[PDB]
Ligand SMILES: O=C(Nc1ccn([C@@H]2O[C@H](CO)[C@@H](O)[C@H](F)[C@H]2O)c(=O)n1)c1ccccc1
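Shown below, as structure tokens, is a lone chain in the form deposited without the named molecule; questions about how it binds or moves come after it.
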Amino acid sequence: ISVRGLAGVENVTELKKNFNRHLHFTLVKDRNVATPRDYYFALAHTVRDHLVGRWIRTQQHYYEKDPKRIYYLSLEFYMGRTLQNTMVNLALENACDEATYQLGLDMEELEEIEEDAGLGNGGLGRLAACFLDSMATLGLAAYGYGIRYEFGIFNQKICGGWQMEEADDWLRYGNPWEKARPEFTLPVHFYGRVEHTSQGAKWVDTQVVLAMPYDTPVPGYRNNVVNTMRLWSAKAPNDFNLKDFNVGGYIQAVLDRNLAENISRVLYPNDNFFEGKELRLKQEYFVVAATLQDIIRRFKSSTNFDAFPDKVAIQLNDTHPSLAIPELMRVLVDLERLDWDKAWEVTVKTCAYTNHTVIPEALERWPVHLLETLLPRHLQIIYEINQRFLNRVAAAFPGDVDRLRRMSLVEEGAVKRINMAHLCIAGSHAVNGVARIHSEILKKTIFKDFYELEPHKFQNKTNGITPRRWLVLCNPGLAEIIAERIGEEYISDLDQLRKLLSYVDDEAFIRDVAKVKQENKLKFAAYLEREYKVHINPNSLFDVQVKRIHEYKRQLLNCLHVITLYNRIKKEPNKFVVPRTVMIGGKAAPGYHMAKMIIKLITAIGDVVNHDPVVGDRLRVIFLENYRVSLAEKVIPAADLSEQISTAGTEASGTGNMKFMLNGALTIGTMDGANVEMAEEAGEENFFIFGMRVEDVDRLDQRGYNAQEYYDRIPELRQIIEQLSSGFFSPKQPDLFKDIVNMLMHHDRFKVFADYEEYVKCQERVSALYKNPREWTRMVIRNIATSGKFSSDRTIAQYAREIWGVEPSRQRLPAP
């Protein structure tokens, strides 16, 4: 078997008896009534047993050495399953495989029983998860802090071509990886009012909610380091949530506890979109308030807070945890009694902010009346922060009255609001973009005024992905052939993949790389019929676009191409075309009407195309249901063509693109986000770039975008639009897609037509190359061998050195 570790004689024996121990004592089952679910749990507990020893010494280590601690605050941690990832990082995979085999079980079958920890929406949440893995692997004293939602991202179901949402009860059968820590339970305050006394302000008459922490282990790759992800759960106190007497009902008071506990009930399913709901704000203050108390308690142990920034670094994943700035001030000033200026100095030096998008509708602008009611003291602090900041601006740009209102954290208008992004820049010593282009756009556009005031704050940290889960775990076959030639060191040193460049003309390697891709495609094609049922051709080109459904991601542009391919086949049926299986997957936020309309269009196209006999097996349109982390681990290694076609300037970075490049897929996309640095790394000749550049989009906006023009000059595009309008794709409901057509023609913010011609032309070139297996594979080797830069180990090493001020280390912790 592969390099999934050694199957030692002693360790396979030990594993088996512990598997049985747990099956008996933990699951209280006996082989004759054990269900596959019991077997999965016995294995999970047996594997978990192996890292508790290390988890304890790692945490004890940090206490003795007392290094600077990194706190990663995010309202999202898109973890996925954790059994395999743990076996991988512990080098237990083969041993476990062997042991379960001897017990007469199929490890892979058991792995599929684990539920995904879908506590994220998409890119932002998966980044945090990749980051955690890298911070552990780089030996950093880091903690991931978040919310333990009992309901993660909803499970997607397609009914009659429409998306149906359903509760993700991932904790239903229990979570063997987490461990409640009811000793560090903390109180969080809401509402109340502010009393201004003789020696300071006081936050009074507040409603209390308890925050109970649950720790989940985060093992580093083969270095015996296990860090911690602490997730908070909301709990109602037993007193006031019953003790506030004078009629109401005792039963009612108890049932009403599910009101304070609703704070950690569900994740908001919005990807790159802001919904100003009170419940959201409560979740945001909740994770911040609890986390800070825990951070300060740890520090008090390790009261001059001058050294606080020297021992603490808190990273803000977007503006979601932005209340950490005025909350740190509140504690330091109101509770610790530090003077404002000393408190502010400490706050700025420990906080750092990460921006993830430039679209306006994703920007967090909280109505003042909301903050005023829920967090009265924080609003006072934000006004004071704003006051002192604007004074800094006025002093720097005398008379620039327009700049003053532009930079204010407080936005005037219909209803006053607080611009959380402005708050973050002001109270952080570093603000970074997630890709070189996005970072530049921040300085030139969105945060130009802030950049002019404090240029030193703005940085860039291109995103990355973990090679462990995103290669070794999901593509062992590819990882193995690579290791056969260059060794195993690249797993934690992805740059070494360049060495593969010298095998680009190797006849054996070219044959292998192509073989694993073929095996991956056959396995996925099988999985497709197994769990979803309705055949696909594994000899075709696997054209896949998987990511959340958005207008800026242009799944619609992908659709126009698919209809074009179909129309050309119908025109010249007996003409040869490279067979394609185009797979589009992703979830739409429940309230996003357009995004839900697009899913219906995709399935509608498949209904026509997949049953047309003239088309045969040359073209299949498949919608990948319930796209999530575990599903991504299956499609990506099987993809040939990765679709990264967002309008230039809208996708901050993207990370799925990097996942595909590492797994042997060629990329067709625009010069957007990280796509630019990928092409720049692999060479533009090894990339399928097309469409407008940022500059072209701006030029078009200056003159004005008119979709009619494109409709008028391109007969193929016109034909498609008239097909949708006449009900060609929706016979029973001819006007079903009027909203899409109407939008495309009159309010397309992402100029889909503007990139249509260059897109189908470019698609022609990829089909041409696919016709030449040898050259296609050689170009694939050029992408893989050049993907090393996109490992989160590189991203983290940069955050560590340029923002946190800590030195990464690949030193093995002193055994378990």
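Note that residue numbering begins at 1 and tracks the sequence as displayed.
> Unmodelled stretch from the deposited sequence between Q252 and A253, which bin: none, 1 to 3, 4 to 9, 10 or more?
In the deposited sequence, nothing is left without coordinates between these two.
> Would you determine, from the values in the PDB entry, which of 466 to 474 and 576 to 584 has the greater average C-alpha temperature factor?
If you average the C-alpha B-factors of 576 to 584 and of 466 to 474, the larger mean comes out for 576 to 584.
> Compare the mean C-alpha B-factor of 709 to 717 with that of 228 to 236 as given in the PDB entry, and name the stretch with the higher value.
The stretch with the larger mean CA B-factor is 709 to 717.
> In terms of CA temperature factor as recorded, identify the highest of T603, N94, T655, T137.
Highest C-alpha B-factor among the listed residues goes to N94.
> In terms of CA temperature factor as recorded, identify the highest of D133, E529, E651, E114.
Of the candidates given, the C-alpha B-factor peaks at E529.
> Can you tell me which third, lowest, middle or highest, the CA B-factor of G200 falls into for its chain?
CA B-factor rank for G200: highest third.
> Please place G669 in the lowest, middle or highest third of its chain by C-alpha B factor as given in the entry.
Answer is lowest: the recorded C-alpha B-factor places it there.
> Quick check for you: using the entry's CA B-factors within this chain, is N742 in the lowest, middle or highest third?
Highest third.
> What third of the chain does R794 rank in for C-alpha temperature factor, lowest, middle or highest?
Lowest third.
> Which third, lowest, middle or highest, does the C-alpha temperature factor of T46 belong to within its own chain?
Its C-alpha B-factor, which the entry lists for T46, ranks in the lowest third among residues of this chain.
Keep in mind that the form deposited with the named molecule bound is not shown, yet the notes after this line are about it.
> Sort through 265 to 273, 713 to 721, 533 to 541, 485 to 493 and report the only stretch with a non-hydrogen atom within 4.5 Å of the named molecule in the bound PDB entry.
Contact criterion met by 265 to 273 only.
> Just give me the single entry in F151, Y552, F397, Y101 that has a non-hydrogen atom within 4.5 angstroms of the named molecule in the bound PDB entry.
Checking each option against the named molecule in the bound PDB entry, the one that comes within 4.5 Å is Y552.
> Considering the named molecule in the bound PDB entry, which of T466, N463, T647, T347 comes within 4.5 Å of it through any heavy atom?
The option sitting close enough to the partner is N463.
> Closest heavy atom of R280 to the named molecule in the bound PDB entry, within 4.5 Å or not?
Yes, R280 is a contact residue.
> Answer yes if any heavy atom of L127 is within 4.5 Å of a heavy atom of the named molecule in the bound PDB entry; otherwise answer no.
Yes, contact at 4.5 Å.
> Heavy atoms within 4.5 Å of the named molecule in the bound PDB entry: does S653 have any?
Flag for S653 set to yes.
> Can you tell me whether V434 touches the named molecule? I mean in the bound PDB entry, with a 4.5 angstroms heavy atom cut-off.
Residue-level check for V434: yes, a contact with the named molecule.
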